[PDB]
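Read the structure below first, then the notes.
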Amino acid sequence: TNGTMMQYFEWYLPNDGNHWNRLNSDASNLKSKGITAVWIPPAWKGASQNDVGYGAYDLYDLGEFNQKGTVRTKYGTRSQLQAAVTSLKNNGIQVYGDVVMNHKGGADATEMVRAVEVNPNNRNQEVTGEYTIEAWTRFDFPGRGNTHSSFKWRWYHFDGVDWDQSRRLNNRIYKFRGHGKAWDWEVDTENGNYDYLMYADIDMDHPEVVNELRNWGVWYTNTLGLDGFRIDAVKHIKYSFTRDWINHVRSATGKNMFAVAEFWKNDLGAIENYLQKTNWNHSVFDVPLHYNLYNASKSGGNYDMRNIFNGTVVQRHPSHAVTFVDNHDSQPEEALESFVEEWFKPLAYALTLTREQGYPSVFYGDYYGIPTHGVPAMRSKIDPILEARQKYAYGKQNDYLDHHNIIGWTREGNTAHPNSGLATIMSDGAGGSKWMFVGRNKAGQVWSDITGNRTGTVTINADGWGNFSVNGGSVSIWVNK
Ligand SMILES: OC[C@H]1O[C@H](O[C@H]2[C@H](O)[C@@H](O)[C@@H](O[C@H]3[C@H](O)[C@@H](O)[C@@H](O[C@H]4[C@H](O)[C@@H](O)[C@@H](O[C@H]5[C@H](O)[C@@H](O)[C@@H](O)O[C@@H]5CO)O[C@@H]4CO)O[C@@H]3CO)O[C@@H]2CO)[C@H](O)[C@@H](O)[C@@H]1O
Ligand SMILES: OC[C@H]1O[C@H](O[C@H]2[C@H](O)[C@@H](O)[C@@H](O[C@H]3[C@H](O)[C@@H](O)[C@@H](O)O[C@@H]3CO)O[C@@H]2CO)[C@H](O)[C@@H](O)[C@@H]1O
Ligand SMILES: OC[C@H]1O[C@H](O)[C@H](O)[C@@H](O)[C@@H]1O
Ligand SMILES: OC[C@H]1O[C@H](O)[C@H](O)[C@@H](O)[C@@H]1O
Ligand SMILES: [Ca+2]
Ligand SMILES: [Ca+2]
Ligand SMILES: [Ca+2]
Ligand code: NA
């Protein structure tokens, strides 16, 4: 009940290989703050040492083999990582490992491959005849040999690439030619077929590939003792594959692994399709909510706050929604930059942390800051919201998203939690107040703002109503503390 997930990394973390240790020694602190699950960054060897991990080179090298010019990953060695997991396990925190199965970058060598170019804006249309290119599709893993796995990757294990080493032409997408070669399906339909994204695109139609990735999922789960996954770029991956992959792993390990997929599209329709196609066997990040939050932080008070939840996954399918404010892609400078402004950030964290629907997530970047880009640590403002979730956010919810600026909602609390119950009120504009029902058994109680933004108190009247207030462009969470 009331769990809180935390993405434990940001894109511009320093390449000092001491991240696993930071996580190791921060376990006790996080669990006390209300964090119940940590989603760790790619644990495997990328195309280089300072690769964030998405340039997935070898999924069996968790900072254990000398490859790509280093033994450790950007975050550390395999032993440091496992010492980190142990620390989290001892503090009763679950561990979610990231998962990159859409592609493989940093190949060991090139191969001559027959292929055709396709239209970047419609990968279903071949724009050239068949011809030979030089693609980075060969993986032998010199530093690992056959340790853990003997599987070797070759061009026929992929559907295509975006780079021909023999000509070095820009803005090209190459679809490989051969027996049964075609972009995968089903996948997102933007650009005709969105199977191809970057690097060497893995072919989910090849049985050896499916078999291998499933086997790796199990090895990866048992090796680290993972409690779940954060699956990368699922809109570019065959939907049925991901579904059956997750099922395979849950079955082969006897664990009901939690799974949150990143279907990055600001479209609920597309996301619902993915959910239906994957038989609802796992959750998805609420990308639309993130954009609603972002757009609101950018409207200077003119966002109609009554709609903050329109078109969002948490509103339509709350059981399958992992709600977040920001991540490594939305942070400053990144490809999908859409950073929720600082002033609005705490309102955004109250919207995800104090409501009963959705599985909330805290971003490392917002919590500890992103010094390279001037983002201050906001844990001092997030901690109060975390405590409200851990101790107060329980019981029946009564919404009050009935004003273009000032919206709010209360939680009546339940006996399972001593003194539970809260009244969240926020304004993206001018301050004010709002009468809200918190429960008749609360009559006479004297409530205070756990964020400390408002210093007074609110006395619940004999009928269960309290007249709560909030400052402009701010959030207040009144509880019976
Ligand atoms: O430097 C010599 C190098 O040569 C060989 O490397 C080659 C690669 O193996 C080969 O795959 C190819 O790599 C290309 C890649 O195909 C191409 O897609 C591009 O990669 C970009 C993405 O396009 C871009 O979207 C971005 O992706 C990020 C994303 O922004 C972020 O949101 C998140 O999802 O993480 C993603 C991964 O970081 O960035 C990547 C990388 O900038 O460019 C690649 C080349 O830079 O071509 C390489 C040769 O040029 C050898 O294998 C290697 O050992 C040698 O070091
Ligand atoms: O974090 C520890 C906890 O995580 C997992 O539970 C999460 C669910 O997987 C996830 O679906 C979500 O469930 C809540 C819904 O989102 C919400 O709309 C409402 O229906 O309440 C649900 C929970 O009561 O969030 C939970 C975490 O609260 C995992 O399954 C647990 O085993 C693990 O202990
Ligand atoms: O190039 C040799 C062989 O490579 C791969 O196995 C192809 O799938 C196959 O069609 C081809 O004959
Ligand atoms: O388990 C299947 C069900 O999961 C969730 O409750 C969805 O909201 C619902 O649409 C779906 O039918
Ligand atoms: Ca294919
Ligand atoms: Ca793909
Ligand atoms: Ca407004
Ligand atoms: Na593919």
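Following the order of the structure tokens, first chain is A, next is B, and so on, with residues numbered from 1 inside each chain and ligands from 1 in the order they appear.
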Find the nearest atom pair between each residue of chain A and ligand 5 for residues within 12 Å, count only C-alpha atoms and all ligand atoms, give distances in Å to one decimal, sort rows by chain and ascending number, and present the table as a tab-separated table.
residue	atom	partner	partner_atom_place_in_ligand_line	distance
A:102	CA	ligand 5	1 (Ca)	11.4
A:155	CA	ligand 5	1 (Ca)	11.9
A:156	CA	ligand 5	1 (Ca)	9.8
A:157	CA	ligand 5	1 (Ca)	8.9
A:158	CA	ligand 5	1 (Ca)	7.3
A:159	CA	ligand 5	1 (Ca)	5.3
A:160	CA	ligand 5	1 (Ca)	8.8
A:175	CA	ligand 5	1 (Ca)	9.4
A:176	CA	ligand 5	1 (Ca)	9.2
A:177	CA	ligand 5	1 (Ca)	10.5
A:178	CA	ligand 5	1 (Ca)	10.6
A:179	CA	ligand 5	1 (Ca)	10.3
A:180	CA	ligand 5	1 (Ca)	7.4
A:181	CA	ligand 5	1 (Ca)	5.5
A:182	CA	ligand 5	1 (Ca)	4.6
A:183	CA	ligand 5	1 (Ca)	4.5
A:184	CA	ligand 5	1 (Ca)	4.1
A:185	CA	ligand 5	1 (Ca)	7.6
A:186	CA	ligand 5	1 (Ca)	10.2
A:187	CA	ligand 5	1 (Ca)	10.7
A:193	CA	ligand 5	1 (Ca)	11.3
A:194	CA	ligand 5	1 (Ca)	11.7
A:195	CA	ligand 5	1 (Ca)	8.3
A:196	CA	ligand 5	1 (Ca)	9.9
A:201	CA	ligand 5	1 (Ca)	8.9
A:202	CA	ligand 5	1 (Ca)	7.6
A:203	CA	ligand 5	1 (Ca)	4.3
A:204	CA	ligand 5	1 (Ca)	5.5
A:205	CA	ligand 5	1 (Ca)	4.7
A:206	CA	ligand 5	1 (Ca)	7.1
A:207	CA	ligand 5	1 (Ca)	10.5
A:209	CA	ligand 5	1 (Ca)	10.5
A:210	CA	ligand 5	1 (Ca)	11.2
A:236	CA	ligand 5	1 (Ca)	11.3
A:237	CA	ligand 5	1 (Ca)	9.8
A:238	CA	ligand 5	1 (Ca)	8.7
A:241	CA	ligand 5	1 (Ca)	11.3
Output file for the selection above: N, CA, C and O atoms, as a compact mmCIF listing (two decimals), in the first residue's frame:
# COMPACT_ATOMS: atom_id res chain seq x y z
N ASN A 102 15.70 -2.98 -27.47
CA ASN A 102 15.36 -2.50 -28.80
C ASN A 102 16.54 -2.52 -29.77
O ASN A 102 16.36 -2.74 -30.97
N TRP A 155 24.63 -9.50 -38.35
CA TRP A 155 23.65 -8.70 -39.08
C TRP A 155 22.25 -9.30 -39.15
O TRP A 155 21.25 -8.57 -39.03
N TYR A 156 22.15 -10.62 -39.35
CA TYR A 156 20.85 -11.27 -39.47
C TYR A 156 20.01 -11.28 -38.21
O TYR A 156 18.87 -11.73 -38.23
N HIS A 157 20.59 -10.80 -37.12
CA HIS A 157 19.88 -10.74 -35.84
C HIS A 157 19.17 -9.38 -35.73
O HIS A 157 18.38 -9.16 -34.82
N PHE A 158 19.48 -8.48 -36.67
CA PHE A 158 18.91 -7.13 -36.70
C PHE A 158 18.05 -6.86 -37.94
O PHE A 158 18.18 -7.54 -38.96
N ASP A 159 17.18 -5.86 -37.84
CA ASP A 159 16.32 -5.48 -38.95
C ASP A 159 16.94 -4.35 -39.76
O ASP A 159 16.60 -4.15 -40.92
N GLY A 160 17.85 -3.61 -39.14
CA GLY A 160 18.49 -2.51 -39.83
C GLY A 160 19.34 -1.59 -38.97
O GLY A 160 19.50 -1.80 -37.76
N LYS A 175 17.00 -0.74 -44.13
CA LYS A 175 16.26 -1.94 -43.78
C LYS A 175 17.00 -3.09 -44.44
O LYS A 175 17.21 -3.09 -45.65
N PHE A 176 17.42 -4.07 -43.64
CA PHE A 176 18.16 -5.20 -44.19
C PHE A 176 17.33 -6.09 -45.08
O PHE A 176 16.13 -6.27 -44.86
N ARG A 177 17.98 -6.66 -46.09
CA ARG A 177 17.34 -7.57 -47.03
C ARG A 177 17.74 -9.00 -46.68
O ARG A 177 18.84 -9.24 -46.18
N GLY A 178 16.86 -9.95 -46.94
CA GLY A 178 17.17 -11.34 -46.64
C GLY A 178 15.92 -12.14 -46.37
O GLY A 178 14.80 -11.65 -46.55
N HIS A 179 16.10 -13.38 -45.92
CA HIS A 179 14.97 -14.25 -45.62
C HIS A 179 14.15 -13.70 -44.46
O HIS A 179 14.66 -13.53 -43.35
N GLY A 180 12.88 -13.41 -44.74
CA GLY A 180 11.99 -12.90 -43.71
C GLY A 180 12.36 -11.59 -43.05
O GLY A 180 11.97 -11.35 -41.91
N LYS A 181 13.08 -10.73 -43.76
CA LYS A 181 13.47 -9.43 -43.21
C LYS A 181 12.45 -8.32 -43.47
O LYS A 181 12.13 -7.99 -44.61
N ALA A 182 11.94 -7.75 -42.38
CA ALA A 182 10.96 -6.68 -42.45
C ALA A 182 10.88 -6.02 -41.08
O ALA A 182 11.19 -6.65 -40.07
N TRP A 183 10.49 -4.75 -41.05
CA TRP A 183 10.37 -4.06 -39.78
C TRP A 183 9.41 -4.91 -38.95
O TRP A 183 8.56 -5.60 -39.50
N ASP A 184 9.56 -4.87 -37.63
CA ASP A 184 8.68 -5.66 -36.78
C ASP A 184 7.27 -5.08 -36.70
O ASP A 184 7.02 -3.94 -37.09
N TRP A 185 6.35 -5.89 -36.18
CA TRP A 185 4.95 -5.49 -36.02
C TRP A 185 4.35 -6.43 -34.98
O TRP A 185 4.62 -7.62 -35.01
N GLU A 186 3.52 -5.91 -34.07
CA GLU A 186 3.14 -4.50 -34.03
C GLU A 186 4.09 -3.56 -33.28
O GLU A 186 4.70 -3.94 -32.28
N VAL A 187 4.20 -2.34 -33.79
CA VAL A 187 5.01 -1.28 -33.18
C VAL A 187 4.25 0.01 -33.44
O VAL A 187 3.29 0.02 -34.21
N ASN A 193 6.06 3.09 -39.70
CA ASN A 193 6.39 1.98 -38.82
C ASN A 193 7.58 2.47 -38.01
O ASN A 193 8.61 2.84 -38.57
N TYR A 194 7.43 2.49 -36.69
CA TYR A 194 8.48 2.99 -35.82
C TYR A 194 9.40 1.94 -35.21
O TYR A 194 9.96 2.16 -34.14
N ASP A 195 9.56 0.81 -35.89
CA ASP A 195 10.43 -0.23 -35.37
C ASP A 195 11.85 0.34 -35.22
O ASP A 195 12.44 0.24 -34.15
N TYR A 196 12.38 0.97 -36.27
CA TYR A 196 13.72 1.53 -36.17
C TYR A 196 13.80 2.82 -35.35
O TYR A 196 12.98 3.73 -35.53
N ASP A 201 19.10 -2.02 -35.00
CA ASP A 201 17.77 -2.43 -34.57
C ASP A 201 17.56 -3.94 -34.56
O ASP A 201 17.57 -4.60 -35.60
N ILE A 202 17.35 -4.47 -33.36
CA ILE A 202 17.16 -5.90 -33.15
C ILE A 202 15.89 -6.39 -33.83
O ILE A 202 14.84 -5.75 -33.78
N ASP A 203 16.00 -7.55 -34.46
CA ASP A 203 14.90 -8.17 -35.17
C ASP A 203 14.17 -9.17 -34.26
O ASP A 203 14.69 -10.24 -33.95
N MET A 204 12.95 -8.81 -33.85
CA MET A 204 12.17 -9.67 -32.97
C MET A 204 11.47 -10.82 -33.69
O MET A 204 10.74 -11.59 -33.07
N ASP A 205 11.68 -10.92 -35.00
CA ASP A 205 11.10 -11.98 -35.81
C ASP A 205 12.01 -13.20 -35.82
O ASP A 205 11.59 -14.31 -36.14
N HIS A 206 13.28 -12.99 -35.48
CA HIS A 206 14.24 -14.07 -35.47
C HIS A 206 14.13 -14.85 -34.16
O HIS A 206 14.35 -14.30 -33.08
N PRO A 207 13.78 -16.15 -34.24
CA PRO A 207 13.64 -17.00 -33.06
C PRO A 207 14.85 -17.06 -32.15
O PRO A 207 14.70 -17.13 -30.93
N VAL A 209 16.90 -14.71 -31.54
CA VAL A 209 16.92 -13.44 -30.81
C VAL A 209 15.94 -13.50 -29.65
O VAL A 209 16.29 -13.17 -28.52
N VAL A 210 14.71 -13.91 -29.93
CA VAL A 210 13.69 -14.02 -28.90
C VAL A 210 14.18 -14.94 -27.78
O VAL A 210 14.13 -14.60 -26.60
N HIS A 236 8.95 1.07 -30.02
CA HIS A 236 9.80 0.71 -31.14
C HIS A 236 10.06 -0.80 -31.13
O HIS A 236 10.82 -1.31 -31.95
N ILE A 237 9.43 -1.49 -30.18
CA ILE A 237 9.60 -2.93 -30.02
C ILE A 237 8.28 -3.67 -30.25
O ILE A 237 7.23 -3.22 -29.81
N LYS A 238 8.34 -4.81 -30.95
CA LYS A 238 7.15 -5.61 -31.22
C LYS A 238 6.36 -5.83 -29.92
O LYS A 238 6.84 -6.47 -28.97
N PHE A 241 6.08 -9.28 -28.42
CA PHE A 241 7.36 -9.73 -27.86
C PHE A 241 7.51 -9.30 -26.39
O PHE A 241 7.80 -10.12 -25.52
Test item: residues lying within 6 Å of ligand 7 with only C-alpha atoms and all ligand atoms, as a list in words: residues 301, 302, 303, 304, 305, 404, 405, 428 and 429 of chain A
Exercise: residue 45 of chain A partners within 7 Å, only C-alpha atoms, chain neighbours under 6 positions left out, as a list in words: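 Here the answer would be residues 53, 56, 57, 58, 59, 61, 62, 63 and 73 of chain A.
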Next, dump the selected residues to file, keeping only N, CA, C and O atoms, as a CSV table (one decimal), in the first residue's frame.
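Saved the output as out_30.csv:
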chain,number,residue,atom,x,y,z
A,53,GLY,N,24.1,4.3,-20.7
A,53,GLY,CA,23.7,2.9,-20.6
A,53,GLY,C,22.8,2.5,-21.8
A,53,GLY,O,22.7,1.3,-22.1
A,56,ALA,N,23.4,0.5,-25.4
A,56,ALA,CA,23.6,-0.9,-24.9
A,56,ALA,C,24.6,-1.7,-25.8
A,56,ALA,O,24.2,-2.1,-27.0
A,57,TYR,N,25.7,-2.1,-25.3
A,57,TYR,CA,26.7,-2.8,-26.0
A,57,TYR,C,26.6,-4.3,-25.6
A,57,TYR,O,26.4,-5.2,-26.5
A,58,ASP,N,26.8,-4.6,-24.3
A,58,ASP,CA,26.7,-6.0,-23.9
A,58,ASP,C,25.9,-6.1,-22.6
A,58,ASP,O,26.4,-5.7,-21.5
A,59,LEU,N,24.8,-6.8,-22.7
A,59,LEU,CA,23.9,-6.9,-21.5
A,59,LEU,C,24.4,-7.9,-20.4
A,59,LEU,O,23.8,-8.1,-19.4
A,61,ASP,N,27.6,-7.8,-19.4
A,61,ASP,CA,28.8,-7.2,-18.8
A,61,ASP,C,28.3,-6.0,-17.9
A,61,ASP,O,28.0,-4.9,-18.4
A,62,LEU,N,28.1,-6.4,-16.7
A,62,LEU,CA,27.6,-5.4,-15.7
A,62,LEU,C,28.8,-4.8,-14.9
A,62,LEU,O,28.7,-4.7,-13.7
A,63,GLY,N,29.7,-4.3,-15.7
A,63,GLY,CA,30.9,-3.7,-15.1
A,63,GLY,C,31.9,-4.7,-14.5
A,63,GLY,O,32.6,-4.5,-13.6
A,73,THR,N,31.3,0.4,-15.5
A,73,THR,CA,30.3,1.1,-16.3
A,73,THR,C,30.5,2.5,-15.8
A,73,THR,O,31.4,2.8,-15.0
Nearby polymer residues, ligand 4, at most 8 Å, only C-alpha atoms and all ligand atoms, as a ChimeraX atom specification: /A:276,279-281,316-320
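Across A:188, A:111, A:212, A:227, the tightest approach to ligand 2 is made by A:227 when counting only C-alpha atoms and all ligand atoms.
Here the question is which of A:26, A:16, A:343, A:139 gets nearest to residue 47 of chain A using only C-alpha atoms, and that residue is A:139.
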Show me which residues sit within 6 Å of ligand 1 when counting only C-alpha atoms and all ligand atoms, and put them as a tab-separated table (two decimals) with N, CA and C atoms, in the first residue's frame.
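Result saved to out00.tsv:
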chain	number	residue	atom	x	y	z
A	54	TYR	N	22.15	3.49	-22.39
A	54	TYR	CA	21.22	3.21	-23.47
A	54	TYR	C	21.90	2.86	-24.78
A	55	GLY	N	23.20	3.11	-24.84
A	55	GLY	CA	23.96	2.73	-26.01
A	55	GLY	C	24.41	1.33	-25.62
A	105	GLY	N	24.30	-1.04	-29.55
A	105	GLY	CA	25.23	-0.08	-30.11
A	105	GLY	C	26.65	-0.46	-29.78
A	106	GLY	N	27.60	0.23	-30.40
A	106	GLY	CA	29.00	-0.05	-30.13
A	106	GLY	C	29.45	-1.42	-30.58
A	107	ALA	N	28.98	-1.88	-31.74
A	107	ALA	CA	29.36	-3.18	-32.26
A	107	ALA	C	30.89	-3.32	-32.29
A	108	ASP	N	31.38	-4.55	-32.24
A	108	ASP	CA	32.82	-4.79	-32.26
A	108	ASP	C	33.43	-4.57	-33.63
A	136	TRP	N	27.40	-1.79	-38.57
A	136	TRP	CA	27.98	-2.21	-37.29
A	136	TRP	C	27.01	-3.18	-36.63
A	162	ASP	N	21.11	2.83	-39.10
A	162	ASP	CA	20.99	4.16	-39.67
A	162	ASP	C	22.35	4.67	-40.16
A	163	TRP	N	23.34	3.78	-40.25
A	163	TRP	CA	24.67	4.21	-40.67
A	163	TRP	C	25.42	3.22	-41.55
A	198	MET	N	17.38	3.79	-33.31
A	198	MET	CA	18.79	4.15	-33.33
A	198	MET	C	19.66	2.90	-33.28
A	199	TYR	N	20.95	3.07	-33.56
A	199	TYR	CA	21.90	1.96	-33.54
A	199	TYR	C	21.45	0.77	-34.40
A	200	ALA	N	21.88	-0.43	-34.03
A	200	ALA	CA	21.50	-1.63	-34.78
A	200	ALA	C	20.16	-2.13	-34.21
A	329	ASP	N	15.07	12.09	-19.97
A	329	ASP	CA	14.83	12.58	-21.32
A	329	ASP	C	14.19	13.96	-21.34
A	335	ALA	N	17.04	15.25	-25.55
A	335	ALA	CA	16.22	15.12	-26.76
A	335	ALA	C	14.77	15.53	-26.59
Near-residue 387 of chain A list (9 Å; only C-alpha atoms; drop same-chain fewer than 5 positions) as a ChimeraX atom specification: /A:33-34,382,392-393,450
Write the residues of the selection above to a file with C-alpha atoms, as a CSV table (one decimal), in the first residue's frame.
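Writing the result to part.csv gives the following:
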chain,number,residue,atom,x,y,z
A,33,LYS,CA,11.9,9.1,3.4
A,34,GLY,CA,9.2,6.9,2.0
A,382,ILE,CA,9.7,17.0,-1.8
A,392,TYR,CA,-1.5,10.7,5.4
A,393,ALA,CA,-2.5,9.8,1.8
A,450,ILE,CA,2.9,19.8,6.4
